[PDB]
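Those protein sequence lines, which keep their order, are chains A and C.
With the deposited numbering, the residue at position 175 of the first sequence is 177, and numbering never jumps.
With the deposited numbering, the residue at position 5 of the second sequence is 5, and numbering never jumps.
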Amino acid sequence: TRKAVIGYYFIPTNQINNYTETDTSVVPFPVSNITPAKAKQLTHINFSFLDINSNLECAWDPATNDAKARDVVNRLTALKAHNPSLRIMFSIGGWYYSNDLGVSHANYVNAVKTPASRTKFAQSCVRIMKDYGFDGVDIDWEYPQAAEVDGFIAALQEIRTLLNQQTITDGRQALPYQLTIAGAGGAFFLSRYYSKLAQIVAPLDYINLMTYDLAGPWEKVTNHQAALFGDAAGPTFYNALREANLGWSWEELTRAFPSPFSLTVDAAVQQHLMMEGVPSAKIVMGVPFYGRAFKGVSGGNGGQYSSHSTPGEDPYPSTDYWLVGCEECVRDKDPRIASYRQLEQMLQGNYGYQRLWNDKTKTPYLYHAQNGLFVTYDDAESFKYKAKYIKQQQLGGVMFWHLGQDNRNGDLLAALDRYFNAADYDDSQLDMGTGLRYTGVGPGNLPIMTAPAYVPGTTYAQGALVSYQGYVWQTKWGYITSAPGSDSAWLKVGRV
Amino acid sequence: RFXXX
C-alpha cells in the first residue's frame, strides 16, 4: 500500500488575516506554492493549528479573520481536484496552545475530563471538520500528563465513533474521515503516556512521531536533532521509559529499556514497536524541514558534540542575529532555527558554511569555521536512509514539519515521494551503516526462537529454554520447579 | 518550540 506523506502546513494567524499570494514578505509560503505537481506528492496536508477554547470546544484562534481563514482552507481543499487520495486534515493544538504552560492548556485538560465534556468536544471536532471542509482530525497536544491520559484515550475513542458515523452518512467509504495524533518522538515526553500506547493508537489511522527536536540549544552539547541511528561519540541520555508505570520486572525493564541510550529516530520507532498492540503500519516517522543552530561551538569534530554559548532562553535575548546569511532569522527574530529553504541559500552563498556528513547518524550538518557555528538539519540525502528505514520496518509513511519550509522547487517533498514511488529510483544497494540501533526488546517485538514444550513436574537449571502458551522462556536462576507464567524464575524471551 | 514555537 502507498506510504503516507503527511505535510503539516502552518500559517501564523497574522498571515491568515493578511493573506496574499503575491508578496513573500507578508506571506512567505502561500497555498499557491503547492502546485498540482506537489499536491500529487502528498497524501495528507495537516492544516495547523486550531485550538480548544474556554467553552471546551474545537475552535479557531479568536483573533482569526474567519473569511480569510475559509479562503485559505478552501484553497487547500481545492487541491484535491489534482489528487483523489489527498486529505486536508486540521490539527488541534501545537506547542504554543497546548504545552503545560501554553495559552490554552487548561482547555485541553478540561475538554477530556468527563463523558459530557468529551462528547461535547468530539462533536465540536466533527462540526469544525464538516464546516470548513476538512477530511479528518489530528490532535497535537504536547503533551497529556499521565493522569489525563485515560480521558485523552476516551476522547479519541469518541471522535473515532463519530467520524466512522460521518463517513457512512457522507458516503466516504473511498476516502474515510481519519483521526491521527502527533506523538512524542523522544522518551522523556513519551514517558507520560507510554504505558497506554496500545489504547492511544487503537482509534487512530496513524500516530505521527515527532522524531525531531532531539537536540537543541537547551542541551549542554551540540548534537543532531534527528539522527536516524546512534553515534557512540555523541551524547547519550537517561532512558525515561524504564520508569514508566508498566508493572514489569527488573529483568523485563532492563532489556526493553537500556540506559543511557542514544536519542535517535530509530529509538523512538523501536520504542513504539516494543509495545503489544501498536502496529508498524500506523507508525509514521516525522522528519524536520528545518534545522537548529548553535553558536560559540568548538572545532575538532565539525562542531559536533561541542560545548556552546547559545541562549536556551525562549524569546531569544538580544537582537544579535549571529546566524550569518539567515535573513529569515532576522525576519522571525531567532537565529537558532532556519527552514531548509533558507539553509540551502546560506550554503550556496559564501557565508562561510561547510556541509559535513555523519555516516553513523546518516544526517548532514553545517559548520562555520569562523564565528564557530553548528547547524543540525535534514536534506534529500538523509531522507534516503529514513525512507529506506520506513520501508524495511513496514512503517505507515513519513510526516514533516512543515511544508512552508521546503524550497521553492519543493525538493524535500519531491525526494520523499521519489524514494517511495518513483519506478526509476532503486535503493536496494543503499547501505544503512553501523550507527547504533536501539536493541530494546519488549512484549510487542519478541523474536522467533523455538524451544521444547515445558514439561509439568520437570526441574530445569539456569539458562534453560522452553516453549509454553505460544512463547519461549528462559530461567533467571537455577533449580526451577514451577511453570512459566506461574513462576517468576522464567523470563519470556521469544515467540513461536 | 519550546517557548518563540
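A virtual CB, placed ideally from N, CA and C, is assigned to each residue, including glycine.
Task: Beta-bridge pairing of A:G9 - partner residues as DSSP gives them - done: Bridge partners of A:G9: A:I47 and A:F402.
Open item on the list: Can you confirm whether the stretch 203 to 221 of chain A touches the stretch 267 to 278 of chain A when touching is taken to mean that 3 or more C-beta pairs between the two stretches lie within less than 8 angstroms?
Closed with: Segments in contact, yes.
Open item on the list: Can you give me the C-alpha to C-alpha distance between A:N225 and A:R357, rounded to a whole angstrom?
Closed with: Going from the Cα of A:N225 to the Cα of A:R357 covers about 15 angstroms.
Task: Cβ-based burial, A:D137 [other Cβ within 10 Å; buried from 16] - done: Buried.
TODO: Flag A:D207 as yes if its beta-carbon sits less than 8 angstroms from any beta-carbon of chain C, otherwise no.
DONE: The beta carbon of A:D207 does not come within 8 angstroms of any beta carbon belonging to chain C, so the residue lies off that interface.
Open item on the list: Can you give me the C-alpha to C-alpha distance between A:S384 and A:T365, rounded to a whole angstrom?
Closed with: Near 5 angstroms, if we compare the C-alpha coordinates of A:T365 and A:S384.
Task: Counted within 10 angstroms of its Cβ, other Cβ atoms place A:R333 as buried (16 or more) or exposed - done: By the Cβ-count criterion, A:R333 is exposed, with fewer than 16 other Cβ atoms from all chains shown falling within 10 Å of its own Cβ.
- [ ] Give the C-beta separation of A:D233 and A:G435 to the nearest angstrom, bearing in mind that I take them to be a contact with Cβ-Cβ under 8 angstroms.
- [x] About 10 angstroms separates the CB atoms of A:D233 and A:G435; that is not less than 8 angstroms, and the two are not in contact.
TODO: For A:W220, decide whether its Cβ has a neighbour in chain C, counting only Cβ atoms nearer than 8 angstroms.
DONE: At least one beta carbon of chain C lies nearer than 8 angstroms to the beta carbon of A:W220.
Task: A:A186, enclosing beta strand (DSSP E) - first and last residue - done: Element bounds for A:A186: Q180 to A186.
Open item on the list: What does the Cβ neighbour count give for A:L103, buried or exposed, with the cut at 16 atoms within 10 Å?
Closed with: Counting Cβ neighbours within 10 Å, A:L103 comes out exposed, since fewer than 16 surround it.
Open item on the list: On the CB-based measure, 16 or more other CB atoms within 10 Å of its CB, does A:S320 come out buried or exposed?
Closed with: By the 10 Å Cβ count, A:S320 comes out exposed.
TODO: Quick one: measure Cβ to Cβ for A:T169 and A:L206, integer angstroms, because I've assumed they're closer than 8 angstroms.
DONE: The C-beta distance from A:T169 to A:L206 rounds to 15 angstroms, too long to fall under 8 angstroms, and the pair is not in contact.
TODO: Identify which residue in A:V29, A:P449 and A:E150 has its Cα closest to the Cα of A:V114.
DONE: In this structure, A:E150 is the residue among A:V29, A:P449 and A:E150 with its C-alpha nearest to the C-alpha of A:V114.
Open item on the list: Using a Cβ-Cβ cutoff of less than 8 angstroms, which residues in the same chain neighbour A:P262 once the five nearest sequence positions on both sides are dropped?
Closed with: Only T238, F239, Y240 and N241 meet the Cβ criterion.
Open item on the list: Let me make sure I understand the geometry here. Which of A:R72, A:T116, A:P117 and A:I94 has the alpha-carbon closest to that of A:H107?
Closed with: When C-alpha distances from A:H107 are compared across A:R72, A:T116, A:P117 and A:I94, the shortest belongs to A:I94.
Open item on the list: Out of A:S484, A:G459, A:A186 and A:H46, which one is the CA nearest neighbour of A:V271?
Closed with: It is A:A186.
TODO: List the endpoints of the continuous alpha helix (DSSP H) containing A:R174.
DONE: Looking at the DSSP string, A:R174 is not in any alpha helix (DSSP H), and its letter there is neither H nor E.
- [ ] List in chain order: all unbroken beta strand (DSSP E) runs of 3+ residues lying wholly within the stretch 74 to 116 of chain A.
- [x] Runs of the beta strand (DSSP E) inside the stretch 74 to 116 of chain A: 89 to 95.
Task: Residue(s) in a DSSP beta bridge with A:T365 - done: The bridge partners DSSP lists for A:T365 are A:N360.
Task: Proximal chain C residues relative to A:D53, where beta-carbon distance stays under 9 angstroms - done: By Cβ distance, chain C contributes nothing, its closest Cβ being about 15 angstroms from A:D53, past 9 angstroms.
Task: CA-to-CA distance, A:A485 to A:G288, given in whole angstroms - done: Looking at the two C-alpha atoms, the distance is approximately 43 angstroms.
Task: Whole-number beta carbon distance between A:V7 and A:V443, since they are thought to touch under 8 angstroms - done: With 8 angstroms as the limit, A:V443 and A:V7 do not qualify as a contact, their Cβ atoms being about 31 angstroms apart.
Task: Through-space distance from A:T477 to A:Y10, alpha-carbon basis - done: Our two residues, A:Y10 and A:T477, have alpha carbons roughly 49 angstroms apart in a direct line.
Task: Under 7 angstroms by beta carbon: chain C residues contacting A:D215 - done: Under the 7 angstroms cutoff, chain C gives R1.
Open item on the list: Counting only Cβ-Cβ distances shorter than 7 angstroms, please list the residues of the stretch 313 to 343 of chain A near chain C, keeping chain order.
Closed with: Sequence-ordered contacts of the stretch 313 to 343 of chain A with chain C read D316, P317 and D336 [C-beta pairs closer than 7 angstroms].
- [ ] Report yes if the C-beta distance between A:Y367 and A:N360 is below 8 angstroms; otherwise report no.
- [x] Yes. Within cutoff.
- [ ] Mind checking who A:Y473 pairs with in its DSSP beta bridge?
- [x] Per DSSP, A:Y470 and A:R497.
Task: Burial state of A:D142 (16 or more Cβ within 10 Å) - done: The residue is buried, with at least 16 neighbouring Cβ atoms inside 10 Å.
Open item on the list: If you measure between the beta carbons of A:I202 and A:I155, is that distance less than 8 angstroms?
Closed with: A contact, by the Cβ cut-off of 8 angstroms.
Open item on the list: Looking at A:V377: is its Cβ nearer than 8 angstroms to the Cβ of A:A295?
Closed with: Yes, Cβ-Cβ distance for A:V377 and A:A295 is below 8 angstroms.
TODO: May I ask which residues mark the beginning and end of the beta strand (DSSP E) holding A:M287?
DONE: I285 to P290 is the extent of the beta strand (DSSP E) around A:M287.
TODO: Using DSSP bridges, identify the partner residues of A:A340.
DONE: In the DSSP output, where bridge partners are listed per residue, A:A340 has A:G293.
Open item on the list: Alpha carbons only, please: which of A:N447, A:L493 and A:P14 is nearest the one belonging to A:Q464?
Closed with: Out of A:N447, A:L493 and A:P14, A:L493 has the C-alpha closest to the C-alpha of A:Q464.
Task: Sequence ranges, beta strand (DSSP E) only - wholly within the stretch 388 to 460 of chain A, length at least 3 - done: Entirely contained in the stretch 388 to 460 of chain A, the beta strand (DSSP E) runs reaching 3 residues are, in chain order, 399 to 403.
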